[PDB]
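Residue numbers (PDB author numbering), protein chains in the order written: chain B, 1 to 242; chain J, 9 to 237, 249 to 329, 364 to 1001; chain F, 4 to 22, 42 to 149, 163 to 248; chain C, 248 to 296. Scroll down for the structure; my scribbles are underneath it.
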Amino acid sequence: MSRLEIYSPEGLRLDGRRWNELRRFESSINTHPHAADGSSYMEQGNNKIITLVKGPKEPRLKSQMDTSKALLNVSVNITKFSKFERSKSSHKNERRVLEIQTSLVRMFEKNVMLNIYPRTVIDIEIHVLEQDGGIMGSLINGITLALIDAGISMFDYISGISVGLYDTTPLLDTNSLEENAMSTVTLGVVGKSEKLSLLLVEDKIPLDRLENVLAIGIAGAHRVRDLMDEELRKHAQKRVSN
Amino acid sequence: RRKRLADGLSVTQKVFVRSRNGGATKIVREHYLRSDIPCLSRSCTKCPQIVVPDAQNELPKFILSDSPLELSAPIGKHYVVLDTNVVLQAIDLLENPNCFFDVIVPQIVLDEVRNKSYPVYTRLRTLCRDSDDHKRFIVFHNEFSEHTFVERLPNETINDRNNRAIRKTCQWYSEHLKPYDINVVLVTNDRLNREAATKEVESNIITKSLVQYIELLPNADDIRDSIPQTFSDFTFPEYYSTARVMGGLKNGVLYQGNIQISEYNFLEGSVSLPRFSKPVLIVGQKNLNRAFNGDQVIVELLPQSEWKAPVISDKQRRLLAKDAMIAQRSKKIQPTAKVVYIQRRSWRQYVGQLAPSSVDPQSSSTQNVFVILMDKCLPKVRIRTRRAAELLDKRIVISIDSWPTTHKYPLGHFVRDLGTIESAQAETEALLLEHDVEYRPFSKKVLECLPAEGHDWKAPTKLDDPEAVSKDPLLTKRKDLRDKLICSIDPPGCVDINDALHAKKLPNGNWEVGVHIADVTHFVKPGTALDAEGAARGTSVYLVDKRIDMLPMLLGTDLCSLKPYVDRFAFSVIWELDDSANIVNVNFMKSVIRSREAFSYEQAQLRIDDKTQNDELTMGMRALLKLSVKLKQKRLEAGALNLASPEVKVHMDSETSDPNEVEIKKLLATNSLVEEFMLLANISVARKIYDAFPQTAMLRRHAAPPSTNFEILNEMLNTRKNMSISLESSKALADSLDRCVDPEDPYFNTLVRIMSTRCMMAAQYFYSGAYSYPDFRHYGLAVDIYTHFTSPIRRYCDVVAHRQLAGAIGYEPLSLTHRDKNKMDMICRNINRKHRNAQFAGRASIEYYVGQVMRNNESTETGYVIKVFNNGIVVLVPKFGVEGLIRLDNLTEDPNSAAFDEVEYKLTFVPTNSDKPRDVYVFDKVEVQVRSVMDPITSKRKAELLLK
Amino acid sequence: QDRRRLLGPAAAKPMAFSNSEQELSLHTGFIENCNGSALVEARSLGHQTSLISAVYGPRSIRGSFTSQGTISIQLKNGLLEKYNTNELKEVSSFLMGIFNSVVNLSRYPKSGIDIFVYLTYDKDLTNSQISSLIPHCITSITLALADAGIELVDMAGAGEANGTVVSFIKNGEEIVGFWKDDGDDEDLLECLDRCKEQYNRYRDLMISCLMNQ
Amino acid sequence: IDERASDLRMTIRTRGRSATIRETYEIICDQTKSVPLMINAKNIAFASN
RNA sequence: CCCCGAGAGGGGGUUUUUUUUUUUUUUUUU
Ligand SMILES: [Br-]
Ligand SMILES: [Br-]
Ligand SMILES: [Br-]
Ligand SMILES: [Br-]
Ligand SMILES: [Br-]
Ligand SMILES: [Mg+2]
Ligand SMILES: [Zn+2]
């Protein structure tokens, strides 16, 4: 029971967007040159994410070294000031966060060509400065951009998106208010394909609605890919022209 | 700042502070500025070119008429844009069919109304949603439109920005509708907008106040009475601030609860507080502080010296609270308090009549009058009117605006004219809406959910037909029982048939009994407006006059109705039981049937008894009755109750107009036939749905009656008739009630039954997760579990049970709304309230018509004394089913010589037409002269009785 | 609660109740478990302190290689008075800087000298208090290191005056550490003199303890 | 405990129904007065290996 | 396989958290 107009009869949402509109998507490449080999600053809505890619480089411990592939590590730092209400405890060892880090690794292990960087380590540090729904999808886009900036070989883009289901109405790119009022589905689409790297459903969804929700997400993720690709070629032209 | 995006879309930052529980949180949301916001006008030729479809691929409809209400220049044709205040104050006038036809409601207004008053916001949205050819309301999202969106200027209050926002919308609409010669009128009571438009600094905007606008309409005199508005010896104290009471509740200083004000005493109220055992009394008129009965009020405990015998700091107030709890346990002195805040008013549209005392016939101008509300527990209201002579002897609908600390009586305004008092039209309409019964016809959105076929809908001949299966893939699960001999036994004028029965004798000696219930679920689907209205009404009310249906006529009295000679969908329950009516097995299945014949209760009984007709159908009907006797036998032996209250049936003269005859409905054996199989159906379904959904099963329980309820009845029985009711068990209560019979008068047993029915606990609906299994017990039926299932057309509870049974058998997955413990709690609390309102309205309908039969007639009827007091007696007339009060003054002569013995419930007095001391005990059959007279104060047709 | 300790029932709530210049005591080498140990007890006015220091080293460090030794200092809360972990870490860092100027690290390649200071009994009898404990810590660590046989450039001691703590070496000519919380303004010269007096007294008693005992 | 501490029950509301959390009395220890622990001295054993 | 040396020698092929509009009779068909 929501007293707010999540989806008005006029087809308008609480923030003004319609059912199939992405939030403000602004990417940024090479933001921390003196701190990492690759870096990206993501702004997807009110979401603010710093992503740092450090590597490929020498492992700090020879015990943890693979002679056939690079070691891929991801650490997500959800800051205590990411939400409106400051969290008292840290999230560093939170099981929810360990799953997120693990999830991201399992995604890019099959995209990043780790086999061509044996005996090395790729460390991915992430700092979430502000959070407002669809943080998982934004995490995916931040890593993909930062990895490309580092000149690390990969097969294709991986675009992330979230889709809510308000009763029967699908809502592309959900914010915090919408996620609190409905079940959402997080997608990780590879390139322009229909293949999903990540399918994440944490709340109840009718089996009949799931296929349609996936269809909306994939279409939306393709637009995220285009925006990422667009901003990347723009930065490429501004650098290659000097 | 403001960012421009690729789609021509913009985005800014909406930041506000949310104060909650003394906390301060900075809330920030992004605010998108569009460019494709439709004006929603029929005249517009630009907007439809820029409009986009929604989620369900449906473009929004332009509803604002191309030729609105034309008014004297320079207004001409015009649209109306509303302010926040004029909506909150005159929502009744905004629903009036005779004004406000094309209205534009800004988003900022809709938002402010939602925050200030949610119920008004709902009513405003309903006006927008239910737009027809008479009334048209829209919502222009001005905050989302880049053309109309304004931002707070440096050093500007939020109230002035919002007023400027509304004014900007009017300015935009005006310029946008210039080529169509349609002006815009801003209806606002705020002096800021009127002054800003009067000066005409920037753009030309037609601004009118509410009263000033009404005076420009053709029917100004007909709608001026709907405009919301020394008169004291003392003055009520001001209410505490919201911030104060919020801190008071949090610091255990103030307490909130619902206040009760009795019609016997308007100077004393009592609040039910959780921290206190016994209700806190509120003595005085200043202490009640303009509170109504049923209002949620916040009270402050008065000093101990101000308490009734039948501080500075917060610390002392909490100590006073503890001393109050102690005093309530001692039962010597009882704590008092005073209301200091009204949380939630119980105000609504009330029905009443003008008091002839406060209206001057000589006056021609506007005058103040009083209206006497039909609620005897409620005060009277002041009304501003000019048609005081035209509303003199009529039932009127009024709504309370406010109750100033100065004014002695609350202020309100006129709404509708129901009609002349004691008329079938006005009295029935007043009767319904006083018990909160929606009688208005179903909206267009509701009727659109009905099948596209209409009345020519038909069940498919073949249940495997490609076309039929393509449309209905669940049709393969549908069983075929059209070979069975189904018949329906319902009252004469019954068109809405819910149940249908049949019976066959299986080759193994056992019987096959099938109860078939209307398949309403197949037509009403969760989420639709049809289902929404169905849940809202909860149940259809039954009056002698009319019949307010829960579902549309097309659905309830045709399609879903198990009419004879036609193929109908049904939810069937088939048993296999022996000759001793013992269930061997039971199966639930959705099926398609065809009723052989729709019998009447009298028609069915005659066909069973005549012994001339021995066809297969009649042979099954007798088999049903035979099994009905067995089932009723076992049930009573199990401890089933046999209460009674056979109310009278108003036999309206079908040769004239007004009702003339009052008869009594007789229970035939066919009534026991249907009853027994309906109970059997409900029981089996209850067991099945609870087994499938143990936590959200729509059930119905009946609490065991407390000893205190029967201690008074047993007191009168053991004293006068020297008898008693066991109360040890339901069977014990039934057996002792059964032997409670007087040989000199057969009706004595009926009188005790109809009187012991009044002291039974109310049965209520609930969900299986709210209580434990032993609490599922139904005392009056002596069953471990029970529900309602057999009447989905007239009960929404059965609709829920149907959907749950369908999921139980695996026909179709149960909707999420019937598996949410929270949603189920709301459904149960609603249908429980609608159920009570249904029976009360039903009994009130009987009361009016019977009261009209005895209007101008006097007859010596048979009466029975049910209540004996020192102020008089109360006698019941079984012939008319009306209880009457005989006051001591009209009971006998010399009231000082009469004596009342409470121990024996005896009232001795000397009759007016005699001089012999007569002792009138209780339960006595006495001769009583009936007479009806409308009270000049309450305007209620009461039955004055004079004993003989 | 915790699966490694017995902390009792969770519904239980702790018991809350209603309403010369310095006297020293020094002892060394009473802990056979380690290489060096010291007991420092001080009693003055309305505050007494009994702390124990323990030096473990030089022991193995299995990581890379270092030409000099690596010192670590950890302060532990005692039984009575507790302190913030942050505050104990801060003093530890301040103490590390001091003894990295005194300990002849060159004599202990690829070795570790782990110094523990137990704030065993700190009674507050007044019917940032950590500043008054600092000079006693330095005294304990100096005694323990000397008792362990770890080479020191000079006997490091300290003093405290109005929230200001300063540790001296070389007869008070130079400073190996400066600490200041609260206090007043332009009171540096007065604090240096008062602390040097405490430094001199502590150093004399330390030498007297390392020799005679 | 305090004779009559102002802090009484705390009302918590559900979805329609109301409930009251029992008043929690703050137990306080005496600054001076104390009683000796009642140990079964017959049972006190001493350790050796 | 790769590096090194006028003479088939040597070096390497990596190690638990945005969930709360409160009120007076059983049962069946209407
Ligand atoms: Br709506
Ligand atoms: Br309370
Ligand atoms: Br209808
Ligand atoms: Br037929
Ligand atoms: Br434990
Ligand atoms: Mg029926
Ligand atoms: Zn337009």
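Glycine is no exception: its CB is placed at the ideal position from the N, C-alpha and C atoms.
Considering residue i, what are the terminal residues of the alpha helix (DSSP H) in which it resides?
i        : result
J:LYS375 : 367-383
B:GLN237 : 210-240
B:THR184 : Run containing B:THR184: none in the alpha helix (DSSP H); it sits in the beta strand (DSSP E), 183-190.
J:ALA861 : 849-862
Can you give me the start and stop residues for the beta strand (DSSP E) that residue i sits inside?
i        : result
J:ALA996 : 994-996
J:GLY895 : It is not in any beta strand (DSSP E) - J:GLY895 instead sits in the alpha helix (DSSP H) that spans 874-906.
J:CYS540 : 539-542
F:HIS69  : 69-82
J:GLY567 : 564-571
J:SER789 : Premise fails: J:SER789 lies in the alpha helix (DSSP H), 783-791, not in any beta strand (DSSP E).
J:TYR259 : Where J:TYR259 is concerned, there is no enclosing beta strand (DSSP E), given that its DSSP letter is neither H nor E.
In whole angstroms, what separates the C-alpha of residue i from that of residue j?
i                       : j        : result
B:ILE6                  : J:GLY580 : 16 Å
B:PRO56                 : B:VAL121 : 5 Å
J:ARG50                 : J:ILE83  : 19 Å
J:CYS107                : J:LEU72  : 15 Å
B:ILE158                : B:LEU139 : 11 Å
F:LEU227                : F:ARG81  : 37 Å
J:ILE425                : J:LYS447 : 11 Å
J:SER217                : J:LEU48  : 25 Å
F:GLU195                : F:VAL211 : 14 Å
J:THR20                 : B:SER28  : 20 Å
B:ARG95                 : B:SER103 : 12 Å
B:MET42                 : B:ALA150 : 16 Å
F:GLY68                 : C:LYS289 : 41 Å
F:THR107                : F:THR148 : 23 Å
J:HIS86                 : J:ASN212 : 14 Å
J:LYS643                : J:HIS466 : 53 Å
residue 1081 of chain J : J:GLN857 : Residue 1081 of chain J cannot be examined here, being either before or after the span of chain J that is shown, 9 to 1001.
J:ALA582                : J:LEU67  : 19 Å
B:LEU196                : B:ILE152 : 21 Å
C:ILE259                : J:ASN875 : 17 Å
F:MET18                 : C:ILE274 : 9 Å
Given a threshold of 16 other Cβ atoms within 10 Å of its Cβ, counted over all protein chains shown, does residue i qualify as buried or as exposed?
i                      : result
F:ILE93                : buried
B:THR186               : buried
residue 158 of chain F : Any question about the placement of residue 158 of chain F has no answer from these coordinates, since chain F jumps from 149 to 163.
B:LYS204               : exposed
J:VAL548               : exposed
Starting from the Cα of residue i, find the closest Cα among the options and give me that residue.
i                    : options                                   : result
J:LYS391             : J:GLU325, J:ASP367 and J:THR419           : J:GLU325
B:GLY220             : B:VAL190, B:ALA146 and B:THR51            : B:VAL190
J:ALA657             : J:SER644, J:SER648 and J:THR671           : J:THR671
residue 2 of chain J : J:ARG971, J:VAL975, J:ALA996 and J:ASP988 : Residue 2 of chain J lies beyond the residue range present for chain J, which begins at 9 and ends at 1001; the question has no answer from this structure.
J:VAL422             : J:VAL393, J:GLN396, J:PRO463 and J:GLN402 : J:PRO463
Quick one: what's residue i bridged to in DSSP?
i       : result
B:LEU71 : B:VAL121
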